[PDB]
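Structure file work.pdb with PDB, C-alpha atoms (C1' of nucleotides):
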ATOM      1  CA  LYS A1079       0.000   0.000   0.000  1.00  0.00           C
ATOM      2  CA  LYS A1080       1.081   3.544  -0.898  1.00  0.00           C
ATOM      3  CA  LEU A1081       2.480   5.730   1.878  1.00  0.00           C
ATOM      4  CA  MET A1082       0.187   8.770   2.586  1.00  0.00           C
ATOM      5  CA  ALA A1083       3.449  10.726   2.604  1.00  0.00           C
ATOM      6  CA  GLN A1084       5.723  11.214  -0.395  1.00  0.00           C
ATOM      7  CA  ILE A1085       9.366  10.640   0.530  1.00  0.00           C
ATOM      8  CA  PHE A1086      12.326  12.956  -0.192  1.00  0.00           C
ATOM      9  CA  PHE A1087      14.311  10.392  -2.152  1.00  0.00           C
ATOM     10  CA  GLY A1088      17.561  10.686  -4.100  1.00  0.00           C
ATOM     11  CA  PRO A1089      21.342  10.041  -3.988  1.00  0.00           C
ATOM     12  CA  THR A1090      23.554  11.489  -1.198  1.00  0.00           C
ATOM     13  CA  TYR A1091      27.302  10.905  -0.689  1.00  0.00           C
ATOM     14  CA  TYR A1092      27.702   9.141   2.649  1.00  0.00           C
ATOM     15  CA  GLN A1093      31.022   8.309   4.326  1.00  0.00           C
ATOM     16  CA  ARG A1094      31.998   5.131   6.217  1.00  0.00           C
ATOM     17  CA  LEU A1095      33.629   6.247   9.471  1.00  0.00           C
ATOM     18  CA  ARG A1096      36.584   4.855  11.434  1.00  0.00           C
ATOM     19  CA  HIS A1097      34.329   3.851  14.405  1.00  0.00           C
ATOM     20  CA  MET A1098      32.916   0.293  14.169  1.00  0.00           C
ATOM     21  CA  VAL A1099      30.846  -1.473  16.856  1.00  0.00           C
ATOM     22  CA  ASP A1100      32.850  -4.657  16.913  1.00  0.00           C
ATOM     23  CA  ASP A1101      36.077  -2.754  17.680  1.00  0.00           C
ATOM     24  CA  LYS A1102      34.258  -0.922  20.499  1.00  0.00           C
ATOM     25  CA  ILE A1103      32.299  -3.817  22.212  1.00  0.00           C
ATOM     26  CA  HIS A1104      33.743  -4.966  25.562  1.00  0.00           C
ATOM     27  CA  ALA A1105      32.654  -7.032  28.567  1.00  0.00           C
ATOM     28  CA  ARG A1106      34.508  -8.350  31.621  1.00  0.00           C
ATOM     29  CA  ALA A1107      33.500 -10.479  34.539  1.00  0.00           C
ATOM     30  CA  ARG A1108      36.681 -10.998  36.598  1.00  0.00           C
ATOM     31  CA  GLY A1109      40.083 -10.789  35.070  1.00  0.00           C
ATOM     32  CA  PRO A1110      43.510  -9.198  35.176  1.00  0.00           C
ATOM     33  CA  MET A1111      44.410  -7.113  38.183  1.00  0.00           C
ATOM     34  CA  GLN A1112      47.002  -4.347  38.719  1.00  0.00           C
ATOM     35  CA  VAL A1113      50.077  -5.290  40.771  1.00  0.00           C
ATOM     36  CA  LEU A1114      50.138  -2.197  42.981  1.00  0.00           C
ATOM     37  CA  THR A1115      46.458  -1.526  43.617  1.00  0.00           C
ATOM     38  CA  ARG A1116      45.327  -5.154  43.067  1.00  0.00           C
ATOM     39  CA  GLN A1117      42.384  -3.531  41.143  1.00  0.00           C
ATOM     40  CA  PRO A1118      41.151  -4.363  37.548  1.00  0.00           C
ATOM     41  CA  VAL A1119      43.465  -3.489  34.627  1.00  0.00           C
ATOM     42  CA  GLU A1120      42.755  -0.605  32.103  1.00  0.00           C
ATOM     43  CA  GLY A1121      41.285  -0.935  28.576  1.00  0.00           C
ATOM     44  CA  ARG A1122      39.402  -3.421  26.285  1.00  0.00           C
ATOM     45  CA  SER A1123      42.709  -4.684  24.773  1.00  0.00           C
ATOM     46  CA  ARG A1124      44.104  -5.766  28.211  1.00  0.00           C
ATOM     47  CA  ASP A1125      40.665  -7.232  29.158  1.00  0.00           C
ATOM     48  CA  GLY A1126      40.142  -4.413  31.587  1.00  0.00           C
ATOM     49  CA  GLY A1127      37.222  -3.680  33.816  1.00  0.00           C
TER      50      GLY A1127
ATOM     51  CA  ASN B 225      47.706  15.274  71.879  1.00  0.00           C
ATOM     52  CA  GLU B 226      50.040  13.476  74.408  1.00  0.00           C
ATOM     53  CA  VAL B 227      49.094  10.002  73.182  1.00  0.00           C
ATOM     54  CA  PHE B 228      48.929   9.979  69.350  1.00  0.00           C
ATOM     55  CA  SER B 229      50.601  13.292  68.297  1.00  0.00           C
ATOM     56  CA  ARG B 230      53.276  14.961  70.566  1.00  0.00           C
ATOM     57  CA  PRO B 231      55.073  17.906  68.778  1.00  0.00           C
ATOM     58  CA  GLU B 232      58.510  16.154  69.005  1.00  0.00           C
ATOM     59  CA  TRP B 233      57.073  13.606  66.435  1.00  0.00           C
ATOM     60  CA  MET B 234      57.076  15.993  63.450  1.00  0.00           C
ATOM     61  CA  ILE B 235      60.917  15.470  63.634  1.00  0.00           C
ATOM     62  CA  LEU B 236      61.972  12.057  62.255  1.00  0.00           C
ATOM     63  CA  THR B 237      64.547   9.949  64.148  1.00  0.00           C
ATOM     64  CA  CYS B 238      63.450   6.490  63.107  1.00  0.00           C
ATOM     65  CA  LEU B 239      62.087   6.087  59.555  1.00  0.00           C
ATOM     66  CA  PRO B 240      59.424   3.452  58.708  1.00  0.00           C
ATOM     67  CA  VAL B 241      60.410   1.376  55.668  1.00  0.00           C
ATOM     68  CA  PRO B 242      57.258   0.394  53.659  1.00  0.00           C
ATOM     69  CA  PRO B 243      57.096  -3.256  52.628  1.00  0.00           C
ATOM     70  CA  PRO B 244      57.312  -4.512  49.026  1.00  0.00           C
ATOM     71  CA  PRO B 245      53.450  -4.387  48.467  1.00  0.00           C
ATOM     72  CA  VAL B 246      53.779  -0.536  48.581  1.00  0.00           C
ATOM     73  CA  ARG B 247      56.849  -0.419  46.250  1.00  0.00           C
ATOM     74  CA  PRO B 248      56.538  -3.577  44.045  1.00  0.00           C
ATOM     75  CA  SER B 249      59.263  -4.521  41.583  1.00  0.00           C
ATOM     76  CA  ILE B 250      57.750  -4.673  38.045  1.00  0.00           C
ATOM     77  CA  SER B 251      59.758  -7.926  37.470  1.00  0.00           C
ATOM     78  CA  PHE B 252      59.754  -8.126  33.568  1.00  0.00           C
ATOM     79  CA  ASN B 253      61.066 -11.648  32.565  1.00  0.00           C
ATOM     80  CA  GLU B 254      63.384 -13.746  34.847  1.00  0.00           C
ATOM     81  CA  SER B 255      66.932 -12.225  35.125  1.00  0.00           C
ATOM     82  CA  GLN B 256      65.877  -8.459  35.063  1.00  0.00           C
ATOM     83  CA  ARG B 257      64.824  -6.357  38.156  1.00  0.00           C
ATOM     84  CA  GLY B 258      62.412  -3.396  37.720  1.00  0.00           C
ATOM     85  CA  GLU B 259      62.543  -1.830  41.220  1.00  0.00           C
ATOM     86  CA  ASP B 260      59.960   0.836  42.202  1.00  0.00           C
ATOM     87  CA  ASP B 261      60.721   4.576  42.506  1.00  0.00           C
ATOM     88  CA  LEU B 262      60.243   4.378  46.289  1.00  0.00           C
ATOM     89  CA  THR B 263      62.687   1.433  46.438  1.00  0.00           C
ATOM     90  CA  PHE B 264      65.283   3.732  44.764  1.00  0.00           C
ATOM     91  CA  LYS B 265      64.448   6.890  46.790  1.00  0.00           C
ATOM     92  CA  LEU B 266      64.863   4.779  49.961  1.00  0.00           C
ATOM     93  CA  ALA B 267      68.275   3.514  48.752  1.00  0.00           C
ATOM     94  CA  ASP B 268      69.197   7.225  48.222  1.00  0.00           C
ATOM     95  CA  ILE B 269      68.104   7.976  51.869  1.00  0.00           C
ATOM     96  CA  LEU B 270      69.901   4.874  53.148  1.00  0.00           C
ATOM     97  CA  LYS B 271      73.105   5.886  51.204  1.00  0.00           C
ATOM     98  CA  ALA B 272      72.855   9.585  52.363  1.00  0.00           C
ATOM     99  CA  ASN B 273      72.504   8.231  55.953  1.00  0.00           C
ATOM    100  CA  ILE B 274      75.564   5.990  55.779  1.00  0.00           C
ATOM    101  CA  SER B 275      77.752   8.894  54.472  1.00  0.00           C
ATOM    102  CA  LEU B 276      76.578  11.020  57.458  1.00  0.00           C
ATOM    103  CA  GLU B 277      76.874   8.130  59.968  1.00  0.00           C
ATOM    104  CA  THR B 278      80.502   7.281  58.992  1.00  0.00           C
ATOM    105  CA  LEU B 279      81.369  11.032  58.575  1.00  0.00           C
ATOM    106  CA  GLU B 280      80.459  11.790  62.216  1.00  0.00           C
TER     107      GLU B 280
ATOM    108  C1'  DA C   1      40.930  32.453  37.391  1.00  0.00           C
ATOM    109  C1'  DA C   2      40.633  33.559  41.565  1.00  0.00           C
ATOM    110  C1'  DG C   3      41.995  33.235  45.787  1.00  0.00           C
ATOM    111  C1'  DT C   4      44.635  32.265  51.120  1.00  0.00           C
ATOM    112  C1'  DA C   5      48.401  33.508  53.743  1.00  0.00           C
ATOM    113  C1'  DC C   6      52.391  36.043  54.591  1.00  0.00           C
ATOM    114  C1'  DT C   7      55.499  39.786  54.553  1.00  0.00           C
ATOM    115  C1'  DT C   8      56.816  44.939  53.430  1.00  0.00           C
ATOM    116  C1'  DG C   9      57.365  50.147  54.006  1.00  0.00           C
ATOM    117  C1'  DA C  10      54.348  54.523  55.273  1.00  0.00           C
TER     118       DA C  10
ATOM    119  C1'   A D   1      46.205  10.792  19.092  1.00  0.00           C
ATOM    120  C1'   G D   2      40.462  10.484  18.852  1.00  0.00           C
ATOM    121  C1'   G D   3      35.217   9.499  20.330  1.00  0.00           C
ATOM    122  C1'   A D   4      29.885  11.209  23.240  1.00  0.00           C
TER     123        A D   4
ATOM    124  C1'  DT E   1      49.622  50.382  62.872  1.00  0.00           C
ATOM    125  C1'  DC E   2      47.633  49.142  58.018  1.00  0.00           C
ATOM    126  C1'  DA E   3      47.377  49.252  52.663  1.00  0.00           C
ATOM    127  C1'  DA E   4      49.674  46.808  48.988  1.00  0.00           C
ATOM    128  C1'  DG E   5      52.620  43.466  46.787  1.00  0.00           C
ATOM    129  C1'  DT E   6      54.813  39.377  47.851  1.00  0.00           C
ATOM    130  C1'  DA E   7      55.041  33.999  48.275  1.00  0.00           C
ATOM    131  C1'  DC E   8      52.347  30.527  46.463  1.00  0.00           C
ATOM    132  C1'  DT E   9      48.403  27.878  46.364  1.00  0.00           C
ATOM    133  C1'  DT E  10      44.737  25.183  43.322  1.00  0.00           C
ATOM    134  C1'  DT E  11      40.915  23.234  39.934  1.00  0.00           C
ATOM    135  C1'  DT E  12      39.052  22.144  35.236  1.00  0.00           C
ATOM    136  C1'  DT E  13      32.658  16.054  32.297  1.00  0.00           C
ATOM    137  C1'  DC E  14      33.001  11.019  30.567  1.00  0.00           C
ATOM    138  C1'  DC E  15      35.177   6.989  27.562  1.00  0.00           C
ATOM    139  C1'  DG E  16      44.227   4.102  21.741  1.00  0.00           C
ATOM    140  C1'  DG E  17      50.355   3.632  21.074  1.00  0.00           C
TER     141       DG E  17
END
Represent the structure of the file as C-alpha cells.
Amino acid sequence: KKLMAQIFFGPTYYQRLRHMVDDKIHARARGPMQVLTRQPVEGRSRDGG
Amino acid sequence: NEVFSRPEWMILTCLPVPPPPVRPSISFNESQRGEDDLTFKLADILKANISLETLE
DNA sequence: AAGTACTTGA
RNA sequence: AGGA
DNA sequence: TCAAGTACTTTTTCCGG
C-alpha cells in the first residue's frame, strides 16, 4: 500500500567512518588485576574492567 | 595530643620502611629487576645516611 | 581564574 | 592521538 | 599600625600507542 506521505528520495554521498561497533564492544567479569592496587586493569585490549 | 601526636614527632629519628606491596618490583622476565621509585628513593636515603653516619 | 596567607614600608 |  | 605586593596555592565532564 502507498504511503500517505511522499518521501524525499535521491542520492547522497555518505562516508563510512573509522568507528565500528565490533572494535568498540567490551565485557569483563573478573580478570587481570594491577600489581600495585590489586584492582582491575585498564582498557578493552588488556581485558580491563 | 600526648598520646597519638606529641610535637617532638614531626621530627623524624626512626624512619618506617614500607614493605614490598607498597613499592613492588615490576619484574619483567626472569633475570631483570624493575625496582619501584620508592625502592630507589629509599636507597638514596639509606646511602645519604651511611655517608653522614661514617662522617660523624 | 581567583583566591589564602604572609610579609613589606608609610 | 580520537570518540559522546 | 595598616594598605599593597609578595610567596604561592589550586581546579578544570566522561570513555588508543
With all atoms listed in the file counted and 10 Å as the cut-off, give the residues of chain A in contact with chain B, each with its shortest interatomic distance in Å and the pair that gives it, as JSON lines.
{"residue": "A:1113", "atom": "CA", "partner": "B:248", "partner_atom": "CA", "distance": 7.4}
{"residue": "A:1114", "atom": "CA", "partner": "B:248", "partner_atom": "CA", "distance": 6.6}
{"residue": "A:1115", "atom": "CA", "partner": "B:246", "partner_atom": "CA", "distance": 8.9}
{"residue": "A:1116", "atom": "CA", "partner": "B:245", "partner_atom": "CA", "distance": 9.8}
> Can you tell me, as a PyMOL selection string, what residues are no more than 12 Å from residue 2 of chain D when counting all atoms listed in the file, ignoring any on the same chain fewer than 5 positions away?
Replying inline: (chain A and resi 1096-1097) or (chain E and resi 15-16)
Explicit residue set for the PyMOL selection byres ((chain E and resi 5) around 12), as a PDB file with C-alpha atoms (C1' of nucleotides), in the coordinates of the input:
ATOM      1  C1'  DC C   6      52.391  36.043  54.591  1.00  0.00           C
ATOM      2  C1'  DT C   7      55.499  39.786  54.553  1.00  0.00           C
ATOM      3  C1'  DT C   8      56.816  44.939  53.430  1.00  0.00           C
ATOM      4  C1'  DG C   9      57.365  50.147  54.006  1.00  0.00           C
TER       5       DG C   9
ATOM      6  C1'  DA E   3      47.377  49.252  52.663  1.00  0.00           C
ATOM      7  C1'  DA E   4      49.674  46.808  48.988  1.00  0.00           C
ATOM      8  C1'  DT E   6      54.813  39.377  47.851  1.00  0.00           C
ATOM      9  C1'  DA E   7      55.041  33.999  48.275  1.00  0.00           C
TER      10       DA E   7
END
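Taking atom CA of residue 1124 of chain A and atom CA of residue 262 of chain B as the two end points, the separation is 26.3 Å.
Taking atom CA of residue 1123 of chain A and atom CA of residue 1102 of chain A as the two end points, the separation is 10.2 Å.
Here atom CA of residue 242 of chain B stands at a distance of 17.2 Å from atom CA of residue 258 of chain B.
Non-sequential neighbours of residue 265 of chain B (distance at most 12 Å, separation of 5 or more positions within a chain, only C-alpha atoms (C1' of nucleotides)) are residues 241, 242, 247, 259, 260, 270, 271 and 272 of chain B.
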Deliver the residues from the most recent selection as a file, using C-alpha atoms, as a PDB file, keeping the file's coordinate frame.
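Done, and the output landed in result-v3.pdb:
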ATOM      1  CA  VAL B 241      60.410   1.376  55.668  1.00  0.00           C
ATOM      2  CA  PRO B 242      57.258   0.394  53.659  1.00  0.00           C
ATOM      3  CA  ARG B 247      56.849  -0.419  46.250  1.00  0.00           C
ATOM      4  CA  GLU B 259      62.543  -1.830  41.220  1.00  0.00           C
ATOM      5  CA  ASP B 260      59.960   0.836  42.202  1.00  0.00           C
ATOM      6  CA  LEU B 270      69.901   4.874  53.148  1.00  0.00           C
ATOM      7  CA  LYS B 271      73.105   5.886  51.204  1.00  0.00           C
ATOM      8  CA  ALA B 272      72.855   9.585  52.363  1.00  0.00           C
TER       9      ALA B 272
END
> Near residue 3 of chain C, counting all atoms listed in the file, which residues have an atom at most 12 Å away, once you skip same-chain residues fewer than 6 positions from it, shown as a PyMOL selection string?
Replying inline: chain E and resi 8-11
>> Give me, as a PyMOL selection string, all polymer residues having an atom no more than 9 Å from residue 1127 of chain A, counting only C-alpha atoms (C1' of nucleotides) and skipping those fewer than 3 positions away in the same chain.
In response: chain A and resi 1105-1110+1117-1122
Same residues, C-alpha atoms, saved as an mmCIF file, keeping the file's coordinate frame:
data_model
loop_
_atom_site.group_PDB
_atom_site.id
_atom_site.type_symbol
_atom_site.label_atom_id
_atom_site.label_comp_id
_atom_site.auth_asym_id
_atom_site.auth_seq_id
_atom_site.Cartn_x
_atom_site.Cartn_y
_atom_site.Cartn_z
ATOM 1 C CA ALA A 1105 32.654 -7.032 28.567
ATOM 2 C CA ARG A 1106 34.508 -8.350 31.621
ATOM 3 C CA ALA A 1107 33.500 -10.479 34.539
ATOM 4 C CA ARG A 1108 36.681 -10.998 36.598
ATOM 5 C CA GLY A 1109 40.083 -10.789 35.070
ATOM 6 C CA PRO A 1110 43.510 -9.198 35.176
ATOM 7 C CA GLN A 1117 42.384 -3.531 41.143
ATOM 8 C CA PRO A 1118 41.151 -4.363 37.548
ATOM 9 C CA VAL A 1119 43.465 -3.489 34.627
ATOM 10 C CA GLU A 1120 42.755 -0.605 32.103
ATOM 11 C CA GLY A 1121 41.285 -0.935 28.576
ATOM 12 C CA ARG A 1122 39.402 -3.421 26.285
#
